[PDB]
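Worksheet: the structure to be examined is printed underneath.
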2 protein chains.
Amino acid sequence: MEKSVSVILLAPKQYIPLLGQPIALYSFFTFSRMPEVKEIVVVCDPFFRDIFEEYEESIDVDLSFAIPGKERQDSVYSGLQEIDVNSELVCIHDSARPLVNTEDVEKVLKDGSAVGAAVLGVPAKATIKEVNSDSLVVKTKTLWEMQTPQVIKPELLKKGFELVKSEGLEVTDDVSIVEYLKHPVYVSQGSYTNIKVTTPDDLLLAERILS
Amino acid sequence: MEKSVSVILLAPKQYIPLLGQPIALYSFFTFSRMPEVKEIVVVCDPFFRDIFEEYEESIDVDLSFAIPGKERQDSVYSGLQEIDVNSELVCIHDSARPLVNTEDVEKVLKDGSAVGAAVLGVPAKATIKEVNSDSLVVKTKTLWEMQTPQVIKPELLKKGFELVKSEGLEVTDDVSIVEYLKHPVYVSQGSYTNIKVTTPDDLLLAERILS
Ligand SMILES: Oc1c(Br)cc(Br)cc1-c1cc(C(F)(F)F)no1
Ligand SMILES: Oc1c(Br)cc(Br)cc1-c1cc(C(F)(F)F)no1
Ligand SMILES: [K+]
Ligand SMILES: [K+]
Ligand SMILES: [K+]
Ligand SMILES: [K+]
């Protein structure tokens, strides 16, 4: 368990400071303090490499870097190439979610270890309906909003990339490389506080949360 | 079309002022100015009756009142009893959504007239997954977040209430009286700005929208 997890940190709105510190550094430090986390392979444009470099000697993890790709999955694959040969879990996180709780990361790590694949989620508070191509409600289910981390064993993630490669399967917002696997995905119940940061509305909320 | 629609306005966070005016009055006035709207049957506790009474002579609609019930559907039925005998559409709206645009109300009214039942919605921006009782993703759809107005012909709404009455069918968050009808429900594409107001986060966003 200890030093068993590689974080792929996916990292402009993620470098806007929140209560003075850049957004991307909040999750970076949350992961670094966890004894389970062994390395953080950070995915960022070389302009921002220094932003993480500054804190390298203080943190109790291996810092490494990767170049981003066009779409989210390209950046994950890039990060996956630098992880440890003996890492037991990869922990993929969106740097735009600075407020993830250590306790919720612990939960999804534990669930990922047990199941093979787990993602942090919350019950969708809004009333959500399926709508067909004619704009009609498909009438009838517990729907969940998916956050990050996404925690997965590296052999599973690799098999996902290889299946989509070999058969040339299409990949979208809601249908990733791992959606094509028969291997189950567990949904670990997180916190509504683990919001993503895009709008300036999010900062005015996120400061309220941090306090 | 003109003077053809009865609004049931469902109406504490809906009486917190936004840029100085109570939240419930924003939608109230939006509906009152529309030539299609004939009456606003307002659903509120008698303490707040005066809040709408003040503006009665200025508005170009019939103001009426109804007592709320325990759950949302009880308040709708209460409001439904005061509507016009010759009203062609009932337009059910949550007063906690003060920012609905006239143009979007026009759209859902037109769709409700054509289809019999229509609701304002937006594509769900979050990644939403179905999760089973064992907390596993049900792998595979266009999902939409439902707002208000909900626009429906009164005979349809009545038939919904009577079917649930007669058979004693169960009613929840996601399965209303109208979900049990075979009659189609159209989803009119609205605006992401049409947010519901509960948290103080919403006010700090809603003021940004209004400007
Ligand atoms: O789509 C997933 C689900 Br569902 C669960 C878990 Br765990 C991980 C993923 C996931 C997607 C990707 C990306 F490469 F496409 F970005 N990497 O991992
Ligand atoms: O559930 C609906 C859908 Br789906 C569409 C439309 Br249009 C209207 C409704 C609806 C629900 C109710 C309530 F009485 F339960 F509150 N009244 O109308
Ligand atoms: K190092
Ligand atoms: K190692
Ligand atoms: K009147
Ligand atoms: K009348």
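Within segment A:33-43, none of the residues are basic (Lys, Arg), within 16 Å of ligand 1 (Cβ to nearest atom) and surrounded by fewer than 20 Cβ atoms within 10 Å (Cβ to Cβ). Restricting attention to segment A:118-148 and to residues that are touching a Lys or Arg at 6+ places or on another chain (Cβ under 7 Å) and more than 8 Å from every other protein chain (Cβ to nearest Cβ), the residue that is nearest to B:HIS183 (Cα to Cα) turns out to be A:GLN147.
Checked against (1) more than 16 Å from ligand 2 (Cβ to nearest atom); (2) part of a loop (DSSP other than H, G, I, E, B); (3) not acidic (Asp, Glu), A:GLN147 passes all but a single condition, namely (2).
Screening B:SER87 against (1) within 16 Å of ligand 5 (Cβ to nearest atom); (2) hydroxyl-bearing (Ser, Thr, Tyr); (3) out of contact with any helix residue (DSSP H, G or I) (no Cβ under 7 Å at 6 or more places or on another chain) leaves a single unmet condition, (3). Of the set (1) out of contact with any helix residue (DSSP H, G or I) (no Cβ under 6 Å at 6 or more places or on another chain); (2) not in a loop (DSSP other than H, G, I, E, B), all apply to A:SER133 but (2).
Exactly one residue among A:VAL76, A:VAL100, A:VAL90 is more than 16 Å from ligand 4 (Cβ to nearest atom), away from every other protein chain (no Cβ under 14 Å), over 20 Å from A:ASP173 (Cβ atoms) and surrounded by 17 or more Cβ atoms within 10 Å (Cβ to Cβ), and that residue is A:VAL100.
Cβ coordinates were reconstructed from backbone atoms using ideal geometry, including for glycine residues, and neighbour counts include every protein chain displayed. No value in this document is a laboratory result; all are computed from the given coordinates.
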